[PDB]
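Data first, discussion second: the structure below is written as structure tokens.
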Amino acid sequence: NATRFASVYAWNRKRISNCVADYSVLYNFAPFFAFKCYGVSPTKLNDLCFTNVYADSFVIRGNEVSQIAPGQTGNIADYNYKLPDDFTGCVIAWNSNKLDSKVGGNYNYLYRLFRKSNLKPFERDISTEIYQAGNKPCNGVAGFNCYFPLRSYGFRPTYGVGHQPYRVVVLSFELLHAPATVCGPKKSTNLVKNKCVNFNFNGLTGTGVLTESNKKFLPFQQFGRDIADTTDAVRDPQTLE
Amino acid sequence: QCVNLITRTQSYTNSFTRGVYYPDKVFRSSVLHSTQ
Amino acid sequence: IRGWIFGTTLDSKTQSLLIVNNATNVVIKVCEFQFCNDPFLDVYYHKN
Amino acid sequence: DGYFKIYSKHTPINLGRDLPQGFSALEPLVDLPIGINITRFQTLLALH
Amino acid sequence: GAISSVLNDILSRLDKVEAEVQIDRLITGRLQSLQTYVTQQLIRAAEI
Ligand SMILES: *[C@@H]1O[C@H](CO)[C@@H](O[C@@H]2O[C@H](CO)[C@@H](O[C@H]3O[C@H](CO)[C@@H](O)[C@H](O)[C@@H]3O)[C@H](O)[C@H]2NC(C)=O)[C@H](O)[C@H]1NC(C)=O
Ligand SMILES: *[C@@H]1O[C@H](CO)[C@@H](O[C@@H]2O[C@H](CO)[C@@H](O)[C@H](O)[C@H]2NC(C)=O)[C@H](O)[C@H]1NC(C)=O
Ligand SMILES: *[C@@H]1O[C@H](CO)[C@@H](O)[C@H](O)[C@H]1NC(C)=O
Ligand SMILES: *[C@@H]1O[C@H](CO)[C@@H](O)[C@H](O)[C@H]1NC(C)=O
């Protein structure tokens with residue numbers, strides 16, 4: 001909920017950290033048209049926590065929301081905002097013509113359609129250098145069939161239908177593998193030891209007995225592990241035990 | 001303003017065993033672990 | 001020795017990164033830096 | 001893939017030459033979400 | 001072929017409709033692993 005969204009050619013990236021991810025107040029604040037998660041179910045996000053979280057943020061024509069799917073290929077996903085096949089996260093999007101579109105047109109949301117090569121996942125190319133889309137070279141701002149970003153898609157309120165500006169945020173988190181910094185709204189209990197319990201540490205549910213270790217995790221380690229890759233030991237996030 | 005300084009005279013040496021690093025944020029002990 | 005310049009072009013046409021380390025802390029920043037040719041850090045006794 | 005990762009280690013070493021044929025491992029230091037192309041690098045001297 | 005080999009990650013992260021499609025990959029490969037072990041043990045037992 002802020003005045004103007006960033007352009008898709010130069011997508012904004014905020015790091016969410018040191019806070020509680022209560023999503024319920026967002027879902028009851030505003031509707032959305034898209035809500036597609038990958039490597040996670042929306043149902044589970046209450047009992048879960050994330051290592052480092054980034055929101056990728058921009059405004060785009062509603063057709064191109066299809067291009068935000070994991071590793072998909074198309075004009076925005078090849079040259080502007082590629083996300084990988086192994087992206088774990090959620091995509092959320094909603095119509096903005098009630099907020100950003102203008103009856104005289106809006107031209108602030110630049111985008112690109114051509115580049116020298118298909119860019120790498122989560123890389124951004126803000127360079128305004130001219131592109132040789134004609135066979136002969138092009139220099140300065142001019143050139144024979146040459147351009148850099150193309151014209152910003154003109155947004156009018158009544159003009160676009162499935163084709164007006166939609167605001168997009170993509171939450172590109174990692175989970176259950178490191179000291180976590182962004183957790184769901186579920187409250188913690190006290191600890192207990194030497195008794196069988198349904199434990200959950202940073203979202204890592206299981207069933208077992210807990211005991212004090214002799215093991216000496218370095219400050220970067222949250223979980224300790226065995227030959228079957230199951231978690232053998234854990235660092236208690238409320239006290240670092 | 002800038003000034004050209006800091007001339008270099010490279011030589012070659014043999015990095016015997018150096019530059020191993022903990023590949024992930026996980027604890028493991030008493031094990032031989034294979035990683036790419 | 002205090003830190004490193006990393007980048008693709010080093011002349012502001014594309015972004016590039018600095019790591020700078022001093023007697024007390026580290027700064028890390030990625031920007032459209034124009035680097036000249038010999039990047040070095042010029043710490044001095046400033047009388048004033 | 002758009003992250004710049006640093007690992008590091010201190011090594012106490014005596015008058016036994018340099019770059020020693022023993023063993024040591026680097027701990028993780030920082031994970032920087034920078035999203036930029038690195039192709040080249042340089043290092044900062046700091047003559048006072 | 002599952003997203004994790006740890007069966008509790010599947011059960012932490014997904015709901016029933018696609019959790020079961022990941023779990024069944026692990027049921028299939030684990031069950032094949034037992035079928036291999038028991039066949040190998042029957043083959044050795046017949047030599048002993
Ligand atoms: C090493 O270089 C650092 C810059 O690259 C420099 O950091 C700067 O230090 C001062 C003093 O601590 C900070 O001043 C601010 O301190 C607080 C911040 O909340 C404010 O209340 C003050 O009013 C003031 O704004 C600078 O902000 C800080 N710069 C950065 C980018 O963090 C170190 O001081 C240098 N150390 C030495 C020994 O040279
Ligand atoms: C990262 O930066 C390098 C340096 O600019 C790029 O490498 C150049 O790529 C073009 C197109 O393939 C070639 O014409 C150049 O000769 C390459 N130069 C070098 C030194 O390799 C690289 O393509 C960039 N990567 C991305 C994904 O943009
Ligand atoms: C959302 O932003 C508008 C101004 O653009 C403001 O009036 C409104 O109070 C905000 N909503 C919340 C929940 O703060
Ligand atoms: C949680 O509260 C305890 C006191 O009950 C405190 O010692 C601890 O530092 C807190 N956890 C964090 C993450 O600060």
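Restricted to the stretch A:11-48, and to residues that are of a type in the set (K, R) and over 13 Å from A:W94 (Cα atoms), which residue is farthest from the other protein chains (Cβ to nearest Cβ)? Here the residue is A:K14. All of A:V192, A:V169 fail the test of being over 32 Å from the mean Cα position of the chain (by Cα) and either away from ligand 2 (no atom under 16 Å from the Cβ) or not hydrophobic (A, V, I, L, M, F, W, C) (or both), apart from A:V192. Close contacts from the stretch A:99-119, counting a first residue that is touching a residue at least 60 places away in the same chain (Cβ under 8 Å) and assigned to a loop (DSSP other than H, G, I, E, B) and a second that is surrounded by 12 or more Cβ atoms within 10 Å (Cβ to Cβ) and among the aromatic types (F, W, Y), with Cβ to Cβ under 6 Å and a gap of 6+ residues or different chains, come to A:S101/A:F155; A:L110/A:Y9. Within the stretch A:134-148, the presence of at least one residue that is under 30 Å from A:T3 (Cα atoms) and within 16 Å of ligand 2 (Cβ to nearest atom) is confirmed. Of all the listed residues (A:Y131, A:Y153, A:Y147, A:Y111), the sole one being surrounded by 15 or more Cβ atoms within 10 Å (Cβ to Cβ), closer than 28 Å to D:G2 by Cα and within 14 Å of another protein chain (Cβ to nearest Cβ) is A:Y131.
Among the residues of the stretch A:15-23, is any more than 24 Å from D:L32 (Cα to Cα) and surrounded by fewer than 18 Cβ atoms within 10 Å (Cβ to Cβ)? Scanning the stretch A:15-23 turns up at least one residue that is more than 24 Å from D:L32 (Cα to Cα) and surrounded by fewer than 18 Cβ atoms within 10 Å (Cβ to Cβ). Of the strands (runs of 3 or more DSSP E) entirely within chain D, those holding at least 2 residues that are of a type in the set (A, V, I, L, M) and within 7 Å of another protein chain (Cβ to nearest Cβ) occupy D:25-32. Checked across the stretch A:49-68, the condition of being within 16 Å of ligand 2 (Cβ to nearest atom), within 18 Å of the chain's Cα centre (by Cα), more than 14 Å from chain E (Cβ to nearest Cβ) and under 30 Å from A:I130 (Cβ atoms) holds for no residue. Being over 25 Å from A:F148 (Cα atoms), away from ligand 3 (no atom under 16 Å from the Cβ) and either surrounded by 14 or more Cβ atoms within 10 Å (Cβ to Cβ) or in contact (Cβ under 8 Å) with a residue 12 or more places away in the chain (or both) is a property that C:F35 lacks. Across chain C, the number of residues qualifying as β-branched (V, I, T) and within 16 Å of ligand 2 (Cβ to nearest atom) comes to 5.
Put simply, of A:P84, A:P31 the only residue that is over 21 Å from A:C183 (Cβ atoms), more than 16 Å from ligand 2 (Cβ to nearest atom) and surrounded by fewer than 17 Cβ atoms within 10 Å (Cβ to Cβ) is A:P31. Of all positions in the stretch A:188-207, none carries a residue that is over 22 Å from A:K44 (Cβ atoms), away from ligand 4 (no atom under 15 Å from the Cβ), of a type in the set (S, T, Y) and surrounded by fewer than 17 Cβ atoms within 10 Å (Cβ to Cβ).
Heads up, the Cβs are rebuilt from the backbone with ideal geometry, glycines too, and the neighbour counts pull from every protein chain shown. Readers should treat all values here as calculations from the given coordinates under stated rules, not as data from a laboratory.
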